[PDB]
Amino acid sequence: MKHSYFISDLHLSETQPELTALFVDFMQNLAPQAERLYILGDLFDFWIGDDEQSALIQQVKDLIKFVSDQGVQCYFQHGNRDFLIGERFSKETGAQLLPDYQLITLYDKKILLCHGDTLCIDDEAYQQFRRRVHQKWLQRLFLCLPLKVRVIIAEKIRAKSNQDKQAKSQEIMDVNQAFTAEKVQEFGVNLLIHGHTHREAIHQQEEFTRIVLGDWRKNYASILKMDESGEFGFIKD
């Protein structure tokens, strides 16, 4: 039974070693038997450049490389927490980098993949911040700074973002339905998979189905599985 997995929004961090354990069990016991593994952003709590080094980072890279070298096709799509991942991280892990939208053909299904933050177009404060940090010239500037200063910048940008979110309603921090519907029509799909919005769900709209990967918490790993029988669903337990 050929099958593939979809995960996102793990936000791996030394502060939370409960998820890393869940990630190790998934990568060592289920991922090797998969045909493809897609990681749709927010694998790390934050990413400040491909020269980051730590016991947790070298662990996570190893798990991806071990799954990849066994013939599993691994893909990474950027999230908002780790959009700085580049060509070096891709070579070290085997995970091929996908653009912010990617149409795939899997098990006779046309599927649109994105992280999910580009669909929250009513969060205008976030979208303006997203346009700035995605400019290549400023990213080259940021990566020229020493490793230690970028971490504090990241920890404080994280800190501000935690404040601004409590200033926002839940509506504008979720996906705009009309825009999301237009995306699906642009790519000609009946199936859309994304993360970012934290709320694991499967919405069976009339025109299409929208699968939402949830956050990983200490007691739950959100893992979507599709197989060649055309079924899909989240690995419970």
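Note that residue numbering begins at 1 and tracks the sequence as displayed.
On mean C-alpha B-factor from the PDB entry, just flag whether 117 to 125 or 149 to 157 is the higher one. Taking the mean C-alpha B-factor of 117 to 125 and of 149 to 157, the larger value falls to 149 to 157.
As stated in the PDB record, which stretch has the larger average Cα B-factor, 3 to 11 or 228 to 236? According to the entry, 228 to 236 carries the higher average C-alpha B-factor.
Most elevated Cα B-factor in the entry, residues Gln185, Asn176, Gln170, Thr209: Among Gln185, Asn176, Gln170, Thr209, the highest C-alpha B-factor in the entry belongs to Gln170.
Between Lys61, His198, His194, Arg36, where does the Cα B-factor run highest in the record? Of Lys61, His198, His194, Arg36, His198 has the highest C-alpha B-factor.
Give the position of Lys110 by CA B-factor within its chain, expressed as the lowest, middle or highest third. It falls in the bottom third of the chain.
Please rank the C-alpha B-factors of the chain's modelled residues and tell me whether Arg140 sits in the lowest, middle or highest third. Tercile = highest for this residue's CA B-factor.
Against its chain's modelled residues, does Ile57's Cα B factor rank lowest, middle or highest third? CA B-factor rank for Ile57: middle third.
Ranked against its chain, the third holding the CA B-factor of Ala181: Its C-alpha B-factor belongs to the lowest third of this chain's values.
Could you place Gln163 in the lowest, middle or highest third of its chain by Cα temperature factor, using the values in the record? According to the entry, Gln163 has a C-alpha B-factor in the chain's highest third.
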